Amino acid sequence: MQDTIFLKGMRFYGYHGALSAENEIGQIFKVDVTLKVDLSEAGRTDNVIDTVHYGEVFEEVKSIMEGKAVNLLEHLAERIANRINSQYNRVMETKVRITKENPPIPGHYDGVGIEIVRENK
């Protein structure tokens, strides 16, 4: 089953980061969420109730990304994957990628971050 639902390049201004200064100033966090979901039924029916509403997923991500500031992106992706797997039984597995495009790292690069894949139990 290779069907997926996806939300790309979601950006939120937040205050997460292990450094005090980072928590103070804040920065933009880029998030990509890919959900493994069997889409044939919805493909047949055309009924929104046979799939996972992308609008509701974005809201879950947002609440976590624009909420209390944590230290790691690992913690942020872990709470997102957990929150999506929990509320949707149709999601067989959740992949969350978080990118810090402008971290306190003295150099020239496009971005830094992590990516986790969590199966829904």
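Start at 1 and count along the sequence shown; that's the residue number.
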| query | finding |
| --- | --- |
| Mean C-alpha B-factor comparison - 106-114 and 21-29, higher one | 21-29 |
| Residue stretch of maximal mean CA temperature factor, 81-89 vs 30-38 | 81-89 |
| Highest-ranked of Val57, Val96, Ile49, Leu76 once sorted by CA temperature factor in the record | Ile49 |
| B-factor third for the C-alpha atom of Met65 within its chain | middle |
